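Coming up is one lone chain in structure tokens, specifically the form deposited in one PDB entry.
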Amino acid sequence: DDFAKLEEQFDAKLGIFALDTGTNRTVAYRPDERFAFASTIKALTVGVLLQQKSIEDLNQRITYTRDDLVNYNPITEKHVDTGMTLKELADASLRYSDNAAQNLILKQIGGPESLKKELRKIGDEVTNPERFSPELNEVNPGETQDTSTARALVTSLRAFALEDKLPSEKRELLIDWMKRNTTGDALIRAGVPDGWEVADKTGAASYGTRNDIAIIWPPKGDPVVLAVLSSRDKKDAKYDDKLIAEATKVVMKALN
């Protein structure tokens, strides 16, 4: 087993779930093991925002202050005086992993407890949003707050991006933001051939937690939805993007 080999080579725990959406074939390795979801949750948060707003409603401008800025605000730190629309915030969140942009959106939908509620509504009994960003990245082993599983993240991302939890024009906006992610070049994208389109959202959290969730479109045929989640056993561990890239390679061979 090639996933066991990766765990060995990288001294890490892997959580993998992959669904070929045209055949229902699956590739699983610890699919039901919890990990901190880290910023992957930003994608589910935008799915809920899109549920709750018309495309036009995304033009609402949000005002905020330096008080709303947190640890990492690459876009949001530029627009304190002009504000940013909900559409611009969704962009920043998904494409740059802008943590204040996530916090701003979470406030607009009613906060972590509200997000949790809406995830339950679409059938996700696993994913447990509790905190704002970046506090949700502090998860100790055994704890269930702000965790999910590779199977649940896959099932939820499919639900919003590809199934009927959103109407098509809204699915298209989510897919477009995720296709044009800036943060994921060394992860799932690195284990897929050039010319296979990828929409992804990365995450990093404590205990060397390193995650990528994605939709992958082969040149023909239906897409694959994948979660590659990882963690290590020391609290301040470093992660290695190559683990996710190599894991992706394994999945693609097993499905193809």
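Residue positions are given as counts along the sequence shown, with the first one as 1.
The following text describes the form deposited with a small molecule bound, which does not appear among the structures shown.
Exactly one listed residue, out of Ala205, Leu50, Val192, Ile215, brings a non-hydrogen atom to within 4.5 Å of the small molecule in the deposited complex: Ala205. Scanning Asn71, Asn140, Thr82, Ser168 against the small molecule in the deposited complex with a 4.5 Å heavy atom cut-off leaves one residue, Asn71. Taking non-hydrogen atoms only, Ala38 approaches the small molecule to within 4.5 angstroms in the deposited complex.
Contact between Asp185 and the small molecule in the deposited complex is not found at the 4.5 Å heavy atom cutoff. Although the partner is absent here, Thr147 is not a contact residue: none of its heavy atoms lies within 4.5 angstroms of the small molecule in the deposited complex.
In the deposited complex, the small molecule sits within 4.5 Å of a heavy atom of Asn99. Note that among 58-66, 218-226, 24-32, 196-204, the stretch whose heavy atoms approach the small molecule to within 4.5 Å in the deposited complex is 196-204.
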